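One structure is given here, and the rest of the page talks about it.
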Amino acid sequence: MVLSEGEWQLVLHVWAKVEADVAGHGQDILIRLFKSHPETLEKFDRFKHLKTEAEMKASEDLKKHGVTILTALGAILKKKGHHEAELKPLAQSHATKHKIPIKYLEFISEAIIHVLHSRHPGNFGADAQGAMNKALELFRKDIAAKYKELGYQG
Ligand code: HEM
């Protein structure tokens with residue numbers, strides 16, 4: 001798929017708001033993911049024990065990782081589709097070391113859209129949401145194709 005420039009603008013205009021507080025957004029997102037789809041919590045041997053949302057909010061580690069996720073995603077979005085290089089190492093560690101099913105990349109895509117909608121209603125109307133959705137679908141389709149090349153499937 002190809003996003004137009006007007007779609008990329010809508011995605012990079014709400015991402016610039018997310019970058020004013022990356023640690024807060026990365027925390028909200030991960031918690032939204034772990035409450036909605038608790039099975040995803042099992043993939044993190046590092047956070048697995050966290051039992052409540054309050055524990056999650058207090059974990060500094062969890063907040064550090066949220067910043068790692070959003071920094072890597074932001075670097076991919078800012079490429080505006082030319083992200084092949086960035087994708088490579090990310091597809092290799094998530095398909096071979098962490099074993100993360102595409103299904104779980106959809107679940108986090110859903111958590112990102114829920115959090116931007118709650119924090120940025122004015123910059124995240126229907127057109128901007130459609131554009132963000134298109135950009136994450138593009139990210140998931142390219143990762144899925146690398147997963148096949150790398151041998152991960154089902
Ligand atoms: C927007 C999507 C995502 C991005 C941009 C992302 C990115 C990252 C980055 C940059 C790291 C550090 C380096 C590495 O191991 O590759 C990482 C590690 C990891 N990721 Fe992801 N991730 C994403 C989605 C997920 C999802 C959905 C799961 C789980 C359901 C997942 C599970 C993990 C695990 C288990 C680790 C190792 C964490 C730790 O032990 O240090 N990732 N991820």
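If you're wondering about the labels, chains in the structure tokens are A, B, ... by order shown, residues count from 1 in each chain, ligands from 1 in order shown.
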Task: residue 1 (chain A) surroundings by only C-alpha atoms, 10 Å radius, close-in-sequence under 2 positions cut, as a PyMOL selection string - done: chain A and resi 3-4+81+134-135+137-139+141-142
Print the selection's residues with C-alpha atoms to a file, as a CSV table (one decimal), in the first residue's frame.
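The resulting result-v5.csv:
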```csv
chain,number,residue,atom,x,y,z
A,3,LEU,CA,-0.1,6.5,1.7
A,4,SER,CA,-0.5,9.8,0.0
A,81,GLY,CA,7.1,4.2,3.8
A,134,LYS,CA,-3.3,2.9,7.1
A,135,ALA,CA,0.2,3.6,8.3
A,137,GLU,CA,-1.5,-1.6,8.5
A,138,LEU,CA,1.4,-0.8,6.2
A,139,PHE,CA,3.8,-1.4,9.0
A,141,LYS,CA,2.0,-5.9,6.2
A,142,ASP,CA,5.7,-5.2,5.7
```
Quick one: everything within 12 Å of residue 100 (chain A), counting only C-alpha atoms, minus sequence neighbours fewer than 2 positions away in the same chain. Send it as a compact mmCIF listing (two decimals) with N, CA, C and O atoms, in the first residue's frame.
```
# COMPACT_ATOMS: atom_id res chain seq x y z
N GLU A 39 -3.28 -11.74 27.47
CA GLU A 39 -2.37 -12.79 26.99
C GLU A 39 -1.05 -12.18 26.46
O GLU A 39 0.03 -12.77 26.52
N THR A 40 -1.07 -10.93 26.00
CA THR A 40 0.15 -10.38 25.48
C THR A 40 1.16 -10.17 26.59
O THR A 40 2.37 -10.20 26.34
N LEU A 41 0.68 -10.12 27.83
CA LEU A 41 1.60 -9.84 28.93
C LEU A 41 2.56 -10.99 29.17
O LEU A 41 3.76 -10.79 29.51
N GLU A 42 2.07 -12.17 28.79
CA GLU A 42 2.84 -13.38 28.92
C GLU A 42 4.07 -13.33 28.07
O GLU A 42 4.87 -14.21 28.21
N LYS A 43 4.10 -12.56 26.95
CA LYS A 43 5.31 -12.58 26.15
C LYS A 43 6.45 -11.84 26.79
O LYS A 43 7.59 -11.89 26.34
N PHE A 44 6.17 -11.05 27.81
CA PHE A 44 7.24 -10.32 28.43
C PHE A 44 7.64 -11.00 29.72
O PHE A 44 7.15 -10.65 30.78
N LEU A 90 14.01 -5.41 13.52
CA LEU A 90 12.81 -5.49 14.34
C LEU A 90 12.00 -6.72 14.02
O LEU A 90 11.56 -7.47 14.90
N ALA A 91 11.94 -7.08 12.73
CA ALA A 91 11.23 -8.27 12.33
C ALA A 91 12.05 -9.49 12.81
O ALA A 91 11.48 -10.50 13.27
N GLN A 92 13.38 -9.41 12.67
CA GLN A 92 14.21 -10.56 13.11
C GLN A 92 14.08 -10.86 14.61
O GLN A 92 13.80 -12.02 14.99
N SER A 93 14.13 -9.83 15.48
CA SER A 93 14.01 -10.13 16.93
C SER A 93 12.59 -10.48 17.30
O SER A 93 12.35 -11.40 18.07
N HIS A 94 11.57 -9.88 16.69
CA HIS A 94 10.24 -10.26 17.12
C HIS A 94 9.84 -11.59 16.52
O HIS A 94 8.94 -12.24 17.04
N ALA A 95 10.39 -12.01 15.36
CA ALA A 95 9.95 -13.33 14.87
C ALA A 95 10.77 -14.51 15.43
O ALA A 95 10.21 -15.41 16.01
N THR A 96 12.01 -14.27 15.77
CA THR A 96 12.92 -15.34 16.16
C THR A 96 13.20 -15.39 17.66
O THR A 96 13.41 -16.44 18.20
N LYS A 97 13.42 -14.26 18.29
CA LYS A 97 13.72 -14.27 19.69
C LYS A 97 12.48 -14.16 20.59
O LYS A 97 12.04 -15.18 21.16
N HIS A 98 11.60 -13.18 20.27
CA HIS A 98 10.45 -12.94 21.12
C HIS A 98 9.28 -13.76 20.72
O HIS A 98 8.46 -13.96 21.58
N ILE A 102 1.61 -11.89 14.39
CA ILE A 102 1.05 -10.71 13.79
C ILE A 102 -0.15 -10.24 14.60
O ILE A 102 -0.48 -9.08 14.60
N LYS A 103 -0.99 -11.19 15.02
CA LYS A 103 -2.18 -10.88 15.78
C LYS A 103 -1.86 -9.91 16.89
O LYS A 103 -2.65 -8.99 17.11
N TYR A 104 -0.71 -10.10 17.58
CA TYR A 104 -0.37 -9.20 18.70
C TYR A 104 0.09 -7.80 18.27
O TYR A 104 -0.11 -6.82 19.00
N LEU A 105 0.54 -7.68 16.98
CA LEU A 105 0.90 -6.38 16.43
C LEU A 105 -0.37 -5.66 16.08
O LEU A 105 -0.45 -4.43 16.23
N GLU A 106 -1.43 -6.39 15.73
CA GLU A 106 -2.71 -5.71 15.55
C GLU A 106 -3.21 -5.18 16.89
O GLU A 106 -3.82 -4.13 16.92
N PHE A 107 -3.19 -6.03 17.95
CA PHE A 107 -3.63 -5.60 19.27
C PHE A 107 -2.86 -4.36 19.70
O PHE A 107 -3.48 -3.47 20.32
N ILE A 108 -1.53 -4.22 19.48
CA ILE A 108 -0.92 -3.00 19.96
C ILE A 108 -1.29 -1.81 19.06
O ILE A 108 -1.41 -0.66 19.53
N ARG A 140 2.34 -3.37 9.60
CA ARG A 140 2.07 -4.78 9.85
C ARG A 140 2.19 -5.64 8.60
O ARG A 140 2.71 -6.74 8.68
N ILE A 143 5.98 -6.03 7.97
CA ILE A 143 6.58 -6.93 8.97
C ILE A 143 6.17 -8.33 8.66
O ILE A 143 6.96 -9.26 8.81
N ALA A 144 4.87 -8.55 8.32
CA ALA A 144 4.44 -9.93 8.02
C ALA A 144 5.24 -10.55 6.85
O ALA A 144 5.46 -11.74 6.75
N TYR A 147 8.54 -11.55 8.19
CA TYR A 147 8.40 -12.74 9.00
C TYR A 147 8.41 -13.96 8.06
O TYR A 147 9.07 -14.98 8.32
N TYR A 152 9.12 -17.45 10.01
CA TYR A 152 8.12 -17.48 11.05
C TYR A 152 6.77 -17.46 10.37
O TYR A 152 6.44 -16.44 9.80
N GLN A 153 5.83 -18.22 10.88
CA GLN A 153 4.58 -18.31 10.17
C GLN A 153 3.52 -19.00 11.00
O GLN A 153 3.85 -19.34 12.15
N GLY A 154 2.74 -19.83 10.28
CA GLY A 154 1.61 -20.48 10.89
C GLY A 154 0.44 -20.19 9.95
O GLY A 154 0.73 -19.73 8.83
```
Open item on the list: I'd like the contact shell of residue 76 (chain A) - 10 Å cut-off, only C-alpha atoms, skipping same-chain residues fewer than 4 positions apart - returned as a count of residues only.
Closed with: 13
Task: Polymer residues at most 12 Å from region 22-28 of chain A, only C-alpha atoms, same-chain spacing of 2 or more positions, as a PyMOL selection string - done: chain A and resi 15-20+30-36+53-74+108+111-120
Open item on the list: Among region 28-131 of chain A, which residues does DSSP mark as helix (DSSP H, G or I) when it is run on the backbone? Keep the chain and numbering as in the structure and answer as a PyMOL selection string.
Closed with: chain A and resi 28-36+38-43+53-58+60-77+84-97+102-119+126-131
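Here CA of residue 12 (chain A) is placed at a distance of 10.6 Å from CA of residue 123 (chain A).
Among the candidates A:29, A:150, A:14, A:126, the one nearest to ligand 1 when counting only C-alpha atoms and all ligand atoms is A:29.
You will find CA of residue 8 (chain A) at 24.2 Å from atom 17 (C, counted along the ligand's line) of ligand 1.
Atom to atom, atom 16 (O, counted along the ligand's line) of ligand 1 and CA of residue 89 (chain A) stand 6.7 Å apart.
Nearest residue to residue 146 (chain A) among A:75, A:48, A:88, A:2 is A:88, counting only C-alpha atoms.
Distances from A:6, A:121, A:151, A:101 to ligand 1 were compared using only C-alpha atoms and all ligand atoms, and the smallest one belongs to A:101.
Restricting the calculation to only C-alpha atoms and all ligand atoms, the smallest distance between ligand 1 and any of A:133, A:109, A:127, A:148 is found for A:109.
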